[PDB]
Number of protein chains: 2
Amino acid sequence: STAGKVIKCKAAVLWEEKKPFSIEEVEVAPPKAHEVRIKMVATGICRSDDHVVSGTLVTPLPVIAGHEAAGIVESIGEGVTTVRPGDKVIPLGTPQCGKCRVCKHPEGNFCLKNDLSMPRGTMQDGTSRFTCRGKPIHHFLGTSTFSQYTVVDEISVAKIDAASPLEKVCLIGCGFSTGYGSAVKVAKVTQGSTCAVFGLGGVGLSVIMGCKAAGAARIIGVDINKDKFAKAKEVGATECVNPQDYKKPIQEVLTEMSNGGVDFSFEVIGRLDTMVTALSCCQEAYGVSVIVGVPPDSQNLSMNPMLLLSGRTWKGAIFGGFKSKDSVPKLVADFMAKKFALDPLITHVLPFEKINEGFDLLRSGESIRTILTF
Amino acid sequence: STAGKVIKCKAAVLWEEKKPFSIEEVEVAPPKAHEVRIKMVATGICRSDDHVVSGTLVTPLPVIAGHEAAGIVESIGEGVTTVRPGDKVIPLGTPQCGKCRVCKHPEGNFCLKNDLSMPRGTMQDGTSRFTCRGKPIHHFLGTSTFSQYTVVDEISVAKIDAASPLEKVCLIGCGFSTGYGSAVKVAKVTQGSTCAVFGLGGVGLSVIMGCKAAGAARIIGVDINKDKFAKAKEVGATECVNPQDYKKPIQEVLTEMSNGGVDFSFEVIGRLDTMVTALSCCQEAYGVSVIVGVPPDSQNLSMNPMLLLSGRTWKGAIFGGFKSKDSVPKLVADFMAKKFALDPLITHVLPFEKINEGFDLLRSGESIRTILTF
Ligand SMILES: NC(=O)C1=CN([C@@H]2O[C@H](COP(=O)(O)OP(=O)(O)OC[C@H]3O[C@@H](n4cnc5c(N)ncnc54)[C@H](O)[C@@H]3O)[C@@H](O)[C@H]2O)C=CC1
Ligand SMILES: NC(=O)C1=CN([C@@H]2O[C@H](COP(=O)(O)OP(=O)(O)OC[C@H]3O[C@@H](n4cnc5c(N)ncnc54)[C@H](O)[C@@H]3O)[C@@H](O)[C@H]2O)C=CC1
Ligand SMILES: O=CNC1CCCCC1
Ligand SMILES: O=CNC1CCCCC1
Ligand SMILES: [Zn+2]
Ligand SMILES: [Zn+2]
Ligand SMILES: [Zn+2]
Ligand SMILES: [Zn+2]
C-alpha cells in the first residue's frame, strides 16, 4: 500500500528560529538501503527541541525537530536486519553503529556517527528524505519525530517489546534514560550518599529517580521555580531549595547543608553559571559533578581549576551514558516489569496538531513532559 | 643535648617574592604537644617551591619553604605516638589527620587539616616555631624543609624504613608519588591505552613511570623544551612532541596521532591553556584528563562545556590521590623492593648551601630534581 512510495503526511516544520512550528504537509521519501520508515505514535517535548527553536542548540534550518518518540515500522529498506514492518520502535538521537571506536569501548556511548558534533541535518548518507513546498527540509539528530512519518538510519532505531505502551515509553528515547543513567551509570551514585540535582524538569526528575534507585540518603532538588518541588519530592527528593530565596550563592548553601559538600551533583538545566555552581557544591576532595544540561551554542564557561586540583571529578554525558540500541529495549523491558515509573513525568497530553501549545506549556514552566499523540 | 631546647641552625629564608633565598641562622623552638622536631637529611627542589618565589602560589611571607624531604626525628612533643627520636621520617605537605570526613572516605586524600586551601603558614595551633633576626617566620604546607631542623605536626609526618636512603626517598614526599599516583590511582590508566603527558619535569616523568607501570601502549610526552625528551623516553615515553614545532594547535596534533583522541591526558605544568588543551586532546566520549600542575593564583580558565557533555571526565588531584601517612611508608617499602626507580628523576645533588644554584638549574630548564643534602 505505501511501501516503496512517497508518503504525504503532516509534520511540524520549523522554518526559522523563534517562530511557532508550522503544521503542514510534507513528502517523506521511501527508505533507502539500511533505512527504516516509521509511522509515529507518540513524541515527547524535550527542552532540547525548544533549544532548536531558541537558537541555544544550532542545527541547520528549515528542520523537522523531535527526537523523543515511539512508533511502528511502516517499511524497511534493503539490507535492514534488526526491525521489520509492524515492529514497535524507538528512534535514537544518539546512534549505535556498533563499529566505531566509541561503540567498541566498554564505557563510551557517543557514537561517532552522531549528528551532534558537526550537525548536517541529514541522514547518514548526507541527504534528506523530507520535502515541503517543494523545498528540502533538514533532519534533526537523525530522528525528526515531529512528523506522522519519518525515515531513520537503522543504527538510530531500536526494536522494543510488542506490548509496549508507546505513549509512555517514548520517554525512554531521551529524557528518562538520560536522567536515570546520569545518576546510575555516569555518576554511579552510591548508597547513603548526598546528591544535589539542579533543574527539576523531566530530565532532572529522572536523575532524582536514579539517585533514589541507587540508594542515596539525601537528594536535594534545586530549582528557581518552586512549583517544581512537589513532584520532585514525590519521586525522591528529600528537600528542595530555590536559589532566589537565599542571600548567599547556592553553592555555599548546599555546602553548609551537606556539612562540607555533596557526594554527587548534577547540572540538568543548561546554564554556564549553574554548571560551575554544581561543580563547586560537591565535596572538594572526592565529589563528582555531572553536566547533563545543554549549554548555549559556542559559549565558554569560566572556572578556577583549583576546584579540580583538590580532587573533584567533573564529567558530562549524552543519553545517560547508555549505548543506545543495546540499552533502550532493556529499559523498556524494565519499565514493563515495573522497575521504574514514567507517569510522574507526564503532566500533559495533547494531539500532535497542538504542538505549539505543548511548547507554550514547557516555556511557561507549567509542564514536565507533554506527550503528543499522532 | 638539644631536646627541649631552642635550636639555632641554618635555614633558607624567603623574605619576599622574586628574591634569592637567604641562608642564615634561625631559631627552631622545641615541639609542643603532638609535634615532631626533625633533623633534615635531604630535600628536593619542587616547582611548587619556586611558585612561592614567583608569586604563582600565594602563602604568607617571610617563609621557610621546602616540602619534599626526608630526615631523622630529633625529639617529640607530649602525646606523639607514631614516631620516636632517631626514626627516619618524611614530612607530608598534605596531612592525614585520620578523623575528618575526607580521611575517612575511601577515595579522598585532601585532608581538611591542609594549609593549601586557606594558607596560614603556621603549625596546626596557628603559631610558628621559627624565628629569624628576632622576626617570626611562616611555615609552608606544614613542612618547611629548607632548614637544618623543622617542627611538624604529627599528622604531617610519616615514619619510614630505618634502612631507607634519604637522599633518594625524599622524592616520595612529593614529586614521585604525585606523578605516579596521578596515573595509577587518579586516572587509573589501563593496559594498552594511549596517554599524553604535558610537562616532562620531575612530576611529569613520574606520571610517565606510572603510565608505563599501568601497561599503557603509547605514552606521548609533550614539552616545549626538547632537552627533556631523552629522559622521558628512558622512563617510558614512546614519542615526544614539542608544540613549538607545529603550525596547528597541539590538541589537534595529538588527536590525529591517536586516531581520534587519547585515553588519558595529564597536565603537569601549571598553565591554564595547557589544562584546556590536555582536556581537549582526550577522546571526546570516554577520555579522562587529570590536572596535576598548579595554576597561577586566582586565575580562571575558559572552556567549552561541550567538551565534557560528550563524555569526557576531567579531574585533578593533590599528591597523586594518596592518603599521605598511610601511603608514604608503603611507597618507601616498594622502592626498597625495587618496584620503581627514583634515580632517573635525580639530575643534580648539591649541598644545602647551594639552594639558589639549585633553583637556577630548575628555572633554566637544566635539571629535573636537584636533591639538597644537609
Ligand atoms: N545530555 C543529554 O543527553 C540531554 C540533555 N538535555 C538537556 O537537559 C536540560 C534539561 O532538559 P529538560 O528537563 O527537558 O528541561 P526543563 O526546561 O523541563 O527543566 C529545566 C529546569 O531548570 C530550571 N531552571 C532554569 N533556570 C534555572 C536556574 N538558573 N537555576 C535553577 N533552576 C533553573 C527550570 O525552572 C526547569 O524546571 C536541557 O538543557 C536539555 O537540553 C535533555 C535531554 C538529553
Ligand atoms: N598536584 C600536586 O600535588 C603537585 C603539583 N605540582 C605542580 O606540578 C607542576 C610540575 O612540577 P615539576 O615537575 O616540579 O615542574 P618542572 O618545572 O620541573 O616541569 C615543568 C615542565 O613543563 C614544561 N613546560 C613549561 N611550559 C610549557 C608549555 N607551555 N608547554 C609545554 N610544556 C611546558 C617545562 O619545560 C618543564 O619541563 C608544577 O606546577 C608544580 O607546582 C607539583 C607537585 C605536587
Ligand atoms: O535531547 C537530546 N539530545 C541532546 C543531547 C545533548 C546535546 C543536545 C542534544
Ligand atoms: O608541591 C606540593 N604541593 C602542591 C600541591 C598543589 C598546590 C600547590 C602545592
Ligand atoms: Zn531530548
Ligand atoms: Zn559507533
Ligand atoms: Zn611539591
Ligand atoms: Zn583529615
Side-chain angles (χ1 to χ4, degrees), chain A residues 44-51 57 65-68 93-105 108-114 141 143 155 171 173-175 177-178 202-203 294 309-311 318-319 323-325, chain B residues 44-52 56-57 67-68 93-94 109-110 116 173-179 181-182 186 197-207 221-229 231-232 241-244 250 266-271 273-274 277-278 285 290-296 316-322 345 362-363 365 367-369:
Chain A
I45 296 172
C46 173
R47 178 63 73 164
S48 297
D49 298 299
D50 182 63
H51 288 337
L57 181 61
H67 60 286
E68 179 176 270
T94 299
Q96 182 175 355
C97 80
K99 302 177 169 164
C100 73
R101 210 171 54 171
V102 175
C103 284
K104 295 183 145 273
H105 191 277
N109 79 322
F110 189 46
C111 174
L112 294 165
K113 308 296 197 190
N114 75 80
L141 300 177
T143 59
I155 63 167
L171 295 183
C174 186
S177 307
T178 293
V203 186
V294 169
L309 199 68
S310 48
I318 308 293
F319 198 55
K323 290 180 183 286
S324 63
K325 194 158 178 158
Chain B
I45 296 173
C46 174
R47 179 63 74 165
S48 300
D49 300 300
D50 181 70
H51 287 339
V52 172
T56 285
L57 195 56
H67 58 284
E68 181 176 86
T94 298
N109 81 318
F110 190 47
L116 183 60
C174 188
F176 169 77
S177 306
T178 294
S182 291
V186 181
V197 180
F198 289 75
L200 309 171
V203 185
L205 293 174
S206 299
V207 171
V222 186
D223 206 301
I224 57 171
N225 181 358
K226 70 175 180 53
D227 292 345
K228 300 290 172 84
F229 291 171
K231 178 61 64 62
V241 298
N242 180 350
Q244 288 171 348
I250 205 70
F266 304 84
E267 200 281 2
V268 189
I269 303 160
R271 296 177 54 92
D273 72 288
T274 48
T277 288
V290 180
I291 306 178
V292 187
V294 169
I318 307 296
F319 198 55
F322 284 116
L345 305 177
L362 179 66
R363 299 161 179 148
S367 58
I368 297 293
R369 284 298 203 258

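As the structure lists them, so they are numbered: ligands from 1, and atoms in each ligand from 1. Order of the sequence lines fixes the chain letters, A, B, ..., with proteins taken first and strands second; residue numbering starts at 1 for each chain.
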**Q.** Closest protein heavy atom (residue, atom, distance) for atom 8 (O) of ligand 2
**A.**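 Closest protein heavy atom to atom 8 (O) of ligand 2: B/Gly293 CA, 3.7 Å.
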Q | atom 10 (C) of ligand 2 [closest protein heavy-atom partner, distance rounded to 0.1 Å] | A |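 That would be B/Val268 O, 3.4 Å.
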(Q) Nearest 10°: the angle subtended at the Zn ion (ligand 5) by A/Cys174 SG and A/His67 NE2? (A)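 Roughly 110°, rounded to 10°.
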Q. Vertex the Zn ion (ligand 6): angle to SG of A/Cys103 and SG of A/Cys97, to 10°?
A.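 It rounds to 120°.
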Q. If the Zn ion (ligand 6) is the vertex, what is the angle to SG of A/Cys100 and SG of A/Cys111, rounded to 10 degrees?
A.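 Vertex at the Zn ion (ligand 6): approximately 120°.
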Under 3.5 Å, N or O to N or O, is [X] touching ligand 2 that way?
X        : result
B/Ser48  : yes
B/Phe319 : yes
B/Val203 : yes
B/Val294 : yes
B/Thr274 : no
B/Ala317 : yes
B/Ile269 : yes

Atom indices of ligand 2 within 4.0 angstrom of [X] heavy atoms, with elements:
X        : value
B/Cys174 : 43 (C), 44 (C)
B/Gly199 : 21 (C), 22 (O)
B/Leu362 : 18 (O)
B/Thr178 : 2 (C), 3 (O), 4 (C), 44 (C)
B/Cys46  : 42 (C), 43 (C)

Answer yes or no: is there a donor N or O on one side and an acceptor on the other, between the side chain of [X] and the main chain of [Y], under 3.5 Å?
X        : Y        : value
A/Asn109 : A/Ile318 : yes
A/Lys323 : A/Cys103 : yes
A/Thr143 : A/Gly66  : yes
B/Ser206 : B/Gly202 : yes

Q: Give the single entry among B/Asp223, B/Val241, B/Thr56 that approaches atom 21 (C) of ligand 2 most closely by any heavy atom.
A: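 Going through B/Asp223, B/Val241, B/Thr56 one by one, B/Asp223 has the nearest heavy atom to atom 21 (C) of ligand 2.
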Q) Of the choices B/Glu267, B/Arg363, B/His67, B/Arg47, which has the non-hydrogen atom that lies closest to atom 16 (P) of ligand 2? A)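 It is B/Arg47 whose heavy atom sits nearest to atom 16 (P) of ligand 2.
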Q | Contact check, side chains of B/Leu205 and B/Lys231, non-hydrogen atoms, under 4.5 Å | A |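 Counting from C-beta outward, B/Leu205 and B/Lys231 do come under 4.5 Å.
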Q | Over 12 foreign heavy atoms within 6.0 Å of NZ, A/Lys113 | A |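 Counting other residues, nucleotides and ligands, NZ of A/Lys113 stays at 12 neighbours or fewer.
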Q.
If you compare all heavy atoms of A/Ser324 against all heavy atoms of A/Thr94, which two are closest, and at what distance to 0.1 Å?
A.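 What the structure gives for the nearest pair is OG-O, 2.7 Å.
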